[PDB]
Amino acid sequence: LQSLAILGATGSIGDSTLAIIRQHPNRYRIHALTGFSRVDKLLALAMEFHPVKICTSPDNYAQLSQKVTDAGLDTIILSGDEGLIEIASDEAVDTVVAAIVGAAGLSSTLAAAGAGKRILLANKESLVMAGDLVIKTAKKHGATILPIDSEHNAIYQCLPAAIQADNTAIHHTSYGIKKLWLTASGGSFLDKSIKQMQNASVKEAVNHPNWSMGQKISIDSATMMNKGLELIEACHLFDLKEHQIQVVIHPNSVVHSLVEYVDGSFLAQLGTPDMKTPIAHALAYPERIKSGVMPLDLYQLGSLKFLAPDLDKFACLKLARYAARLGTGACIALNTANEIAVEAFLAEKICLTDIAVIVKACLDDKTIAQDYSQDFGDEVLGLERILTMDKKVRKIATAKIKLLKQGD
């Protein structure tokens, strides 16, 4: 049985992964599950799956340990980043599903690449922040990365075998890859005024017509920063630069992305927008298995729309491309600034449209820009350099926010 560690098992992605595991009992073995806040849910999962190890936040380690011994499970309990690193590099784990949101998922993603694991990547902030380091580290140790993110999973499915195996093979012109097309729903405000986004409630922004997801990715979809980040994720995953990856607005969320070839062929993945499809694909690869989705019904589709992005309205996307060209430092500035203006939007401290302002101000800040020219990809020293800039952007972005609520 393929041994699984599911980092971030209590969230949206975790739910879908587990929904597939329950359909395929004697194919996968759960070795570990992790959860930051939802201690009871993690316990309920523990009791269901009898995992060898679980990990939670340090604030909950004691509480959860009591509850696990009280339930008489053999389960080892772990806490913090230290626990995640352990599970991610555990000799007994074959496959890691990286579903921790944000930067918090970076160190365990690396540990997994360092340990040579099969990694199923949901956690895109890992690649936006440490793409060179993660891929380099993975290549060096024999880790395979398969993307779970819909768009990337689509693209991956639409790529010849040799380029799934080795992403550098994509520069051999025989394979004829021209460019990659990322589909974007346009989010909750696509078809609404600039003015109306300004006054968006969290309830409006957080709820998406086609997808049910975590809070963060949800907001990122509303501003289109999600595509931004996906743009940078794609560059690392498929070993390309941003000019080779373009974005098309597609509100139906049926077409999940395309690969354009030199002969005129666009290979695309279509499906109902349900993350069990890409998770299932990535779990069973190179085989396939039933996912439990309700399949897309082509008869009732109606009309699938396509539309160029409106960049004035979705500045987050302009700014992500700009950052992708600047390299890893600017992508960190990008992602972290954005991580901060999201905690801030959901806390109701800024407007939705303020997410763009904070992120630019951060990309164009002189104190942030000093670190753009650093070697964030050094095998020994890249990690501390990435985290230090993280802490730094955290401070400055926080400062920018406070400054804005009055004036600069």
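The numbering used is simple: start at 1 and walk along the sequence shown.
Colleague: With respect to the recorded C-alpha B factors, which stretch has the higher mean value, 33-41 or 375-383?
Modeller: Result: 375-383.
Colleague: So which stretch wins on mean C-alpha B-factor, 88-96 or 275-283?
Modeller: Per the PDB entry, the higher value belongs to 88-96.
Colleague: By the entry's C-alpha temperature factors, tell me which of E242, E260, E230, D191 sits highest.
Modeller: Of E242, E260, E230, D191, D191 has the highest C-alpha B-factor.
Colleague: Pick out which of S291, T183, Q300, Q157 has the highest C-alpha B-factor in the PDB entry.
Modeller: Going by the entry's C-alpha B-factors, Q300 comes out highest.
Colleague: Going by the recorded CA B-factors, say which third of the chain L304 sits in, lowest, middle or highest.
Modeller: Tercile = middle for this residue's CA B-factor.
Colleague: Within this chain's modelled residues, let me know which third the CA B factor of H24 belongs to: lowest, middle or highest.
Modeller: Tercile = middle for this residue's CA B-factor.
Colleague: Taking the C-alpha B-factors as the PDB entry records them, is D132 in the lowest, middle or highest third of its chain?
Modeller: Tercile = highest for this residue's CA B-factor.
Colleague: Select lowest, middle or highest to describe the third in which the CA B-factor of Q198 falls within its chain in this entry.
Modeller: Highest third of the chain for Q198's C-alpha B-factor.
Colleague: Once the chain's modelled residues are ordered by C-alpha B factor and cut into thirds, is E125 in the lowest, middle or highest one?
Modeller: Its C-alpha B-factor, which the entry lists for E125, ranks in the middle third among residues of this chain.
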